[PDB]
$ cat structure13.cif   # mmCIF, C-alpha atoms
data_model
#
loop_
_atom_site.label_atom_id
_atom_site.label_comp_id
_atom_site.auth_asym_id
_atom_site.auth_seq_id
_atom_site.Cartn_x
_atom_site.Cartn_y
_atom_site.Cartn_z
CA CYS A 1 -18.00 7.03 6.35
CA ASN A 2 -16.33 5.23 9.25
CA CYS A 3 -13.54 6.48 11.52
CA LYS A 4 -12.72 2.84 12.25
CA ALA A 5 -12.60 1.87 8.58
CA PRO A 6 -12.63 4.96 6.32
CA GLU A 7 -12.73 3.79 2.70
CA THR A 8 -11.55 7.24 1.59
CA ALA A 9 -8.16 8.47 2.78
CA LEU A 10 -9.75 11.90 3.20
CA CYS A 11 -12.25 10.47 5.68
CA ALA A 12 -9.52 8.84 7.78
CA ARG A 13 -7.75 12.19 8.13
CA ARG A 14 -10.97 14.01 9.01
CA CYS A 15 -11.94 11.33 11.53
CA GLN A 16 -8.39 11.19 12.90
CA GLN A 17 -8.38 14.95 13.46
CA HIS A 18 -4.58 15.05 13.63
#
$ encode --input "structure13.cif" --output "structure tokens"
Amino acid sequence: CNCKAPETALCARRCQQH
């Protein structure tokens, strides 16, 4: 997983911690 380029939408949200 990568917060800069999360392949999975779920990862982006988790990494974004909004």
$ residues_around --input "structure13.cif" --residues "stretch 12-16 of chain A" --least-positions-apart "6" --cutoff "8 Å" --atoms "all atoms listed in the file" --output "PDB file with C-alpha atoms, keeping the file's coordinate frame"
ATOM      1  CA  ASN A   2     -16.330   5.230   9.250  1.00  0.00           C
ATOM      2  CA  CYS A   3     -13.540   6.480  11.520  1.00  0.00           C
ATOM      3  CA  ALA A   5     -12.600   1.870   8.580  1.00  0.00           C
ATOM      4  CA  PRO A   6     -12.630   4.960   6.320  1.00  0.00           C
TER       5      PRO A   6
END
$ residues_around --input "structure13.cif" --residues "residue A:1" --least-positions-apart "6" --cutoff "9 Å" --atoms "only C-alpha atoms" --output "ChimeraX atom specification"
/A:7-8,11-12
$ write_last_selection --input "structure13.cif" --atoms "C-alpha atoms" --output "short mmCIF file (atom, residue, chain, number, x, y, z; two decimals), in the coordinates of the input"
data_model
loop_
_atom_site.label_atom_id
_atom_site.label_comp_id
_atom_site.auth_asym_id
_atom_site.auth_seq_id
_atom_site.Cartn_x
_atom_site.Cartn_y
_atom_site.Cartn_z
CA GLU A 7 -12.73 3.79 2.70
CA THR A 8 -11.55 7.24 1.59
CA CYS A 11 -12.25 10.47 5.68
CA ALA A 12 -9.52 8.84 7.78
#
$ axis_aligned_box --input "structure13.cif" --around "chain A" --padding-each-side "5 Å" --output "AutoDock Vina command-line options"
--center_x -11.3 --center_y 8.5 --center_z 7.6 --size_x 23.4 --size_y 23.2 --size_z 22.0
